[PDB]
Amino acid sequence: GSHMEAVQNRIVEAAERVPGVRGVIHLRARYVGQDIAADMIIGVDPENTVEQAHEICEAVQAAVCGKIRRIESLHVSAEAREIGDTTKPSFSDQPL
């Protein structure tokens, strides 16, 4: 649909493929000028170490920022997510 919709999808699809990611829980993406600022929360194994989760988050950043054009900023954070949790990604576009 919209360019914002397209960018969201590409961000999600790129992140979902990164080893260690158990789904994207949340993506906030809004326009800052003609660029896009994005904050996302990924799911990870609760038994990963903090250091392992940091690795996965950085790997998502690299995958997204390498591929996708005009990202003003991308913050990836991680929370525990259980196997069995089939919740789809949630989107928002407002300031916080």
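Residues carry their position along the shown sequence, with the first being 1.
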Seminar exercise, completed: Mean B factor on CA atoms, stretches 30-38 and 55-63, record says higher is 30-38
Seminar exercise, completed: Stretch with higher mean Cα temperature factor, 64-72 vs 39-47, is 64-72
Exercise. Among the chain's modelled residues, which third holds the C-alpha B-factor of residue 17?
Worked result: middle
For this session: Consider only the C-alpha atoms of the modelled residues in this chain, order them by B-factor as the entry records it, and name the third containing residue 82: lowest, middle or highest.
Result: middle
